[PDB]
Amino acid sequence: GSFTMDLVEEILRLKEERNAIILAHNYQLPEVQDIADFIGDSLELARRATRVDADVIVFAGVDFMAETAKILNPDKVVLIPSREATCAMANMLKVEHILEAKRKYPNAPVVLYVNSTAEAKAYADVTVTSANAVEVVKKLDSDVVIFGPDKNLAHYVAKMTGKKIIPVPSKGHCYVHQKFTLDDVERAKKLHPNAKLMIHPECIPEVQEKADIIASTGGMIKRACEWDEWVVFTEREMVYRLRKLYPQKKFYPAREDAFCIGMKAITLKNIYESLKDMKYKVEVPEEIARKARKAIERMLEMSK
(Lines of atoms letter the chains of each structure in order from A and count residues from 1; the text may use other names and numbers.)
(Lines give C-alpha, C1' and ligand atoms only; values in the text may rest on other atoms or scores of the structure.)
Protein backbone atom coordinates (compact mmCIF):
# COMPACT_ATOMS: atom_id res chain seq x y z
CA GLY A 1 0.00 0.00 0.00
CA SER A 2 0.90 3.67 -0.33
CA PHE A 3 0.41 4.66 3.31
CA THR A 4 3.31 4.87 5.78
CA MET A 5 3.40 4.77 9.59
CA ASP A 6 1.20 6.95 11.80
CA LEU A 7 2.40 8.15 15.22
CA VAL A 8 1.25 4.90 16.84
CA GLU A 9 3.28 2.81 14.41
CA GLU A 10 6.29 5.13 14.80
CA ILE A 11 6.10 4.79 18.58
CA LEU A 12 5.82 1.01 18.38
CA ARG A 13 8.92 0.83 16.18
CA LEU A 14 10.90 3.21 18.40
CA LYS A 15 9.88 1.30 21.54
CA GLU A 16 11.49 -1.76 19.96
CA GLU A 17 14.58 0.12 18.73
CA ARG A 18 15.14 1.77 22.14
CA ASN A 19 14.31 -1.36 24.19
CA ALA A 20 11.82 0.87 25.98
CA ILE A 21 8.72 0.48 28.12
CA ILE A 22 5.98 3.11 28.35
CA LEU A 23 4.52 3.50 31.84
CA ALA A 24 1.34 5.57 32.06
CA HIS A 25 -0.81 6.99 34.80
CA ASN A 26 -4.60 6.45 34.83
CA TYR A 27 -5.18 10.17 34.04
CA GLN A 28 -3.37 10.06 30.70
CA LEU A 29 -5.27 10.81 27.50
CA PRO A 30 -7.11 7.76 26.10
CA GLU A 31 -4.89 7.59 23.01
CA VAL A 32 -1.82 7.62 25.30
CA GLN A 33 -3.28 4.92 27.55
CA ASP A 34 -3.85 2.91 24.37
CA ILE A 35 -0.10 2.80 23.57
CA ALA A 36 1.21 2.28 27.11
CA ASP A 37 2.69 -1.03 28.20
CA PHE A 38 1.53 -0.61 31.81
CA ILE A 39 -1.09 1.73 33.30
CA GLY A 40 -1.65 2.29 37.00
CA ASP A 41 -1.92 4.52 40.07
CA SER A 42 1.06 6.00 41.92
CA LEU A 43 1.73 2.92 44.08
CA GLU A 44 1.37 0.49 41.16
CA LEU A 45 3.71 2.61 39.04
CA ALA A 46 6.32 2.68 41.82
CA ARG A 47 6.08 -1.09 42.30
CA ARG A 48 6.20 -1.70 38.54
CA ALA A 49 9.38 0.39 38.39
CA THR A 50 11.10 -2.29 40.53
CA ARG A 51 10.73 -4.96 37.84
CA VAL A 52 11.84 -3.06 34.73
CA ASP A 53 13.69 -5.28 32.29
CA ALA A 54 13.77 -2.59 29.58
CA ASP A 55 16.71 -0.19 29.17
CA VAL A 56 14.52 2.92 28.77
CA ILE A 57 11.41 4.03 30.67
CA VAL A 58 9.16 6.56 28.92
CA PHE A 59 7.00 8.04 31.68
CA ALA A 60 3.55 9.18 30.54
CA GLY A 61 2.82 11.04 33.75
CA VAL A 62 4.02 13.97 35.81
CA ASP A 63 7.62 14.75 36.70
CA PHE A 64 7.44 13.52 40.32
CA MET A 65 6.32 10.11 39.03
CA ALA A 66 9.15 9.98 36.52
CA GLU A 67 11.59 10.97 39.27
CA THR A 68 10.29 8.13 41.44
CA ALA A 69 10.99 5.72 38.57
CA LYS A 70 14.49 7.20 38.22
CA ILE A 71 15.17 6.88 41.96
CA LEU A 72 14.31 3.18 41.62
CA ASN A 73 16.35 2.81 38.38
CA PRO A 74 19.40 5.08 38.67
CA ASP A 75 21.23 3.31 35.84
CA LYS A 76 18.39 3.19 33.31
CA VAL A 77 17.32 6.06 31.10
CA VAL A 78 14.05 7.61 32.29
CA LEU A 79 12.40 10.07 29.91
CA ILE A 80 9.69 12.63 30.63
CA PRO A 81 8.07 13.75 27.33
CA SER A 82 7.48 17.31 28.58
CA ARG A 83 9.11 19.08 31.50
CA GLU A 84 5.82 20.98 31.93
CA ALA A 85 4.10 17.74 33.02
CA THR A 86 4.10 18.67 36.70
CA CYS A 87 1.94 18.42 39.81
CA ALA A 88 0.59 21.52 41.50
CA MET A 89 -0.09 19.71 44.79
CA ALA A 90 3.47 18.31 45.03
CA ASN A 91 5.02 21.70 44.36
CA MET A 92 3.25 23.09 47.47
CA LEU A 93 5.64 21.21 49.82
CA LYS A 94 9.09 22.68 50.42
CA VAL A 95 12.01 21.53 52.55
CA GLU A 96 11.46 24.51 54.86
CA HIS A 97 8.04 23.12 55.82
CA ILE A 98 9.52 19.71 56.63
CA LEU A 99 12.36 21.13 58.72
CA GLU A 100 10.02 23.28 60.81
CA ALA A 101 7.71 20.33 61.50
CA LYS A 102 10.67 18.11 62.42
CA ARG A 103 11.80 20.74 64.92
CA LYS A 104 8.41 20.77 66.64
CA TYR A 105 8.08 16.96 66.48
CA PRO A 106 11.54 15.32 66.35
CA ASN A 107 10.07 11.93 67.29
CA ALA A 108 7.36 12.04 64.59
CA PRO A 109 8.03 10.01 61.42
CA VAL A 110 7.99 12.13 58.25
CA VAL A 111 5.49 10.57 55.86
CA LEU A 112 5.46 12.11 52.39
CA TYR A 113 2.92 11.51 49.70
CA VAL A 114 4.61 10.44 46.49
CA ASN A 115 3.18 13.70 45.09
CA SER A 116 6.34 15.47 46.25
CA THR A 117 9.68 16.53 44.85
CA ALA A 118 12.77 14.35 45.10
CA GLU A 119 14.34 16.93 47.42
CA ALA A 120 11.41 16.65 49.82
CA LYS A 121 11.46 12.83 49.70
CA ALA A 122 15.07 12.91 50.87
CA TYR A 123 13.62 13.94 54.26
CA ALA A 124 10.90 11.28 54.43
CA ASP A 125 11.15 8.27 56.67
CA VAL A 126 8.63 6.57 54.39
CA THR A 127 6.59 7.59 51.37
CA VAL A 128 2.90 6.86 50.84
CA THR A 129 0.25 7.06 48.15
CA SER A 130 -3.51 7.32 48.40
CA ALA A 131 -3.68 3.50 48.25
CA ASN A 132 -1.47 2.74 51.27
CA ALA A 133 -1.33 5.89 53.42
CA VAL A 134 -3.70 4.51 56.08
CA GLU A 135 -1.90 1.15 56.31
CA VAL A 136 1.57 2.72 56.49
CA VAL A 137 0.62 5.35 59.08
CA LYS A 138 -1.16 2.71 61.20
CA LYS A 139 2.04 0.63 61.33
CA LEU A 140 4.50 3.43 62.11
CA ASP A 141 5.74 3.40 65.71
CA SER A 142 4.35 6.78 66.77
CA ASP A 143 0.99 8.32 67.64
CA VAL A 144 2.08 11.52 65.83
CA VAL A 145 3.18 11.73 62.18
CA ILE A 146 4.26 14.58 59.93
CA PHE A 147 2.33 14.18 56.67
CA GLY A 148 1.94 15.93 53.34
CA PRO A 149 1.49 17.56 50.99
CA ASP A 150 -2.23 16.84 50.63
CA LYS A 151 -4.39 18.04 53.53
CA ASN A 152 -7.48 16.18 52.27
CA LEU A 153 -5.64 12.85 52.23
CA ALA A 154 -4.26 13.84 55.64
CA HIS A 155 -7.83 14.24 56.91
CA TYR A 156 -8.75 10.77 55.66
CA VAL A 157 -5.62 9.28 57.25
CA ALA A 158 -6.34 10.99 60.59
CA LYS A 159 -9.91 9.67 60.53
CA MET A 160 -8.96 6.09 59.69
CA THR A 161 -5.90 5.73 61.97
CA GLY A 162 -6.88 7.89 64.93
CA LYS A 163 -3.35 9.30 64.97
CA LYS A 164 -2.30 12.93 65.24
CA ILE A 165 -1.39 14.18 61.77
CA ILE A 166 0.87 17.24 61.47
CA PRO A 167 0.30 18.62 57.93
CA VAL A 168 3.13 19.96 55.77
CA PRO A 169 2.54 22.52 54.32
CA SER A 170 -0.56 24.03 55.92
CA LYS A 171 -2.81 24.14 52.84
CA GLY A 172 -1.58 21.50 50.39
CA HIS A 173 -4.25 20.30 47.98
CA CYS A 174 -5.00 19.24 44.42
CA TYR A 175 -7.03 21.81 42.45
CA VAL A 176 -8.50 19.02 40.29
CA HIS A 177 -10.07 17.19 43.22
CA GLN A 178 -11.02 20.43 44.99
CA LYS A 179 -13.46 21.01 42.10
CA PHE A 180 -15.86 18.42 43.55
CA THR A 181 -18.65 19.74 45.79
CA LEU A 182 -21.70 18.42 47.61
CA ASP A 183 -23.74 19.78 44.70
CA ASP A 184 -21.86 17.41 42.38
CA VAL A 185 -22.80 14.54 44.72
CA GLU A 186 -26.47 15.57 44.66
CA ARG A 187 -26.48 15.96 40.87
CA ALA A 188 -24.81 12.58 40.32
CA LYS A 189 -27.22 10.76 42.62
CA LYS A 190 -30.24 12.37 40.95
CA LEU A 191 -29.03 11.55 37.43
CA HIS A 192 -27.76 8.06 38.33
CA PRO A 193 -29.80 6.90 41.34
CA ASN A 194 -28.66 3.28 41.06
CA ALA A 195 -24.96 4.14 40.84
CA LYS A 196 -22.49 4.02 43.70
CA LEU A 197 -19.86 6.73 44.23
CA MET A 198 -16.09 6.18 43.93
CA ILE A 199 -14.37 9.12 45.62
CA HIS A 200 -10.66 9.96 45.68
CA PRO A 201 -9.27 10.92 49.13
CA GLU A 202 -7.87 14.13 47.62
CA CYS A 203 -11.49 15.36 47.56
CA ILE A 204 -12.64 17.59 50.43
CA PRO A 205 -13.81 15.85 53.64
CA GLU A 206 -17.51 16.60 53.20
CA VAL A 207 -17.39 15.00 49.75
CA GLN A 208 -15.42 12.01 51.08
CA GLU A 209 -18.23 11.48 53.59
CA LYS A 210 -20.66 10.83 50.73
CA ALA A 211 -18.58 8.05 49.16
CA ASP A 212 -19.53 4.44 48.78
CA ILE A 213 -15.80 3.77 48.40
CA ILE A 214 -12.84 6.04 49.10
CA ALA A 215 -9.85 4.88 47.06
CA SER A 216 -6.94 5.80 44.87
CA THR A 217 -7.50 5.17 41.19
CA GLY A 218 -5.89 1.76 41.73
CA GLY A 219 -8.36 0.96 44.49
CA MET A 220 -11.23 2.16 42.31
CA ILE A 221 -10.17 -0.40 39.71
CA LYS A 222 -9.75 -3.13 42.30
CA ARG A 223 -13.18 -2.52 43.86
CA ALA A 224 -15.22 -1.78 40.72
CA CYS A 225 -16.37 -5.42 40.76
CA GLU A 226 -18.54 -4.58 43.79
CA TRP A 227 -21.25 -2.86 41.72
CA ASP A 228 -22.33 -2.44 38.11
CA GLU A 229 -22.72 1.37 37.95
CA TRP A 230 -20.35 4.02 39.30
CA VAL A 231 -19.98 7.80 39.42
CA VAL A 232 -16.28 8.64 39.38
CA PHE A 233 -15.05 11.51 41.61
CA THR A 234 -11.55 11.88 40.20
CA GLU A 235 -9.82 13.31 37.12
CA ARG A 236 -12.12 12.65 34.19
CA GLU A 237 -9.77 10.46 32.10
CA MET A 238 -10.22 7.78 34.76
CA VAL A 239 -13.67 7.19 33.24
CA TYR A 240 -12.01 6.01 30.02
CA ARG A 241 -9.71 3.68 31.96
CA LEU A 242 -12.62 2.12 33.87
CA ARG A 243 -14.73 1.71 30.73
CA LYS A 244 -11.87 -0.06 28.94
CA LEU A 245 -11.28 -2.43 31.85
CA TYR A 246 -14.97 -3.19 32.49
CA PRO A 247 -16.96 -2.70 29.25
CA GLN A 248 -20.00 -4.38 30.84
CA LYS A 249 -20.32 -1.81 33.66
CA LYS A 250 -21.45 1.82 33.52
CA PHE A 251 -19.22 4.71 34.57
CA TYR A 252 -20.09 8.40 34.67
CA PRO A 253 -17.78 11.34 35.40
CA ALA A 254 -18.71 13.29 38.49
CA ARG A 255 -17.43 16.37 36.61
CA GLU A 256 -16.22 16.40 33.02
CA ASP A 257 -14.21 19.56 33.86
CA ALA A 258 -12.02 17.82 36.48
CA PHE A 259 -8.86 17.89 34.36
CA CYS A 260 -5.18 17.89 35.33
CA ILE A 261 -3.26 20.28 33.07
CA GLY A 262 0.06 18.68 34.03
CA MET A 263 -1.07 15.18 33.06
CA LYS A 264 -2.27 16.52 29.71
CA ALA A 265 1.13 18.01 28.93
CA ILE A 266 1.85 14.47 27.67
CA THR A 267 0.72 13.89 24.09
CA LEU A 268 1.08 11.14 21.53
CA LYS A 269 3.36 13.44 19.53
CA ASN A 270 5.71 14.19 22.40
CA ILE A 271 5.91 10.50 23.35
CA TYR A 272 7.04 9.89 19.77
CA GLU A 273 9.56 12.73 20.08
CA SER A 274 10.70 11.43 23.47
CA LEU A 275 11.68 8.06 21.97
CA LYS A 276 13.06 9.62 18.78
CA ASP A 277 15.26 12.15 20.56
CA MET A 278 15.88 10.33 23.89
CA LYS A 279 14.44 13.31 25.82
CA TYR A 280 13.86 14.63 28.37
CA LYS A 281 16.32 12.66 30.47
CA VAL A 282 15.25 12.63 34.13
CA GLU A 283 18.15 12.92 36.58
CA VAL A 284 18.14 12.99 40.38
CA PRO A 285 21.30 13.96 42.32
CA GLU A 286 22.85 10.95 44.01
CA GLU A 287 22.57 12.10 47.62
CA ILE A 288 18.89 13.01 47.27
CA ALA A 289 18.17 9.86 45.25
CA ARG A 290 19.73 7.49 47.81
CA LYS A 291 17.78 9.04 50.69
CA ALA A 292 14.53 9.07 48.72
CA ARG A 293 15.10 5.46 47.67
CA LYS A 294 15.34 4.36 51.30
CA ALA A 295 11.92 5.93 51.99
CA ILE A 296 10.33 4.47 48.83
CA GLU A 297 11.71 0.97 49.43
CA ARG A 298 10.41 1.13 53.00
CA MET A 299 6.98 2.03 51.61
CA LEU A 300 7.06 -0.97 49.28
CA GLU A 301 8.09 -3.24 52.17
CA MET A 302 5.22 -1.94 54.33
CA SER A 303 2.56 -2.21 51.59
CA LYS A 304 2.29 -5.25 49.30
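Superpose the two forms; the largest set of C-alphas matching within 1.5 Å is the rigid core. Note that residue numbering begins at 1 and tracks the sequence as displayed.
Annotation: of the segments 274 to 282 and 48 to 56, 48 to 56 departs further from this form in 7 other deposited structures of this protein (C-alpha atoms, root mean square over structures and residues, core superposition). Root mean square Cα distance to the shown form, taken over structures and residues in 7 other deposited structures of this protein after a core fit, is higher for 111 to 119 when 111 to 119 and 148 to 156 are compared. 89 to 97 and 122 to 130 differ in mean CA B-factor, and the higher of the two is recorded for 89 to 97. As the entry records it, the average C-alpha temperature factor is higher for 186 to 194, out of 217 to 225 and 186 to 194. The entry lists C-alpha B-factors for 166, 110, 80, 158, and the highest of these is at 166.
The PDB entry gives the largest Cα B-factor of the residues 288, 22, 14, 282 to 288.
For residue 152, the recorded CA B-factor ranks within the lowest third of the chain. Only modelled residues enter the ranking. For residue 277, the recorded CA temperature factor ranks within the highest third of the chain's modelled residues. Per-chain ranking of the deposited C-alpha B factor places residue 102 in the highest third. In the deposited entry, the Cα temperature factor of residue 76 places it in the middle third of its chain's modelled residues. Residue 84 sits in the lowest third of its chain by CA B factor, as recorded in the PDB entry.
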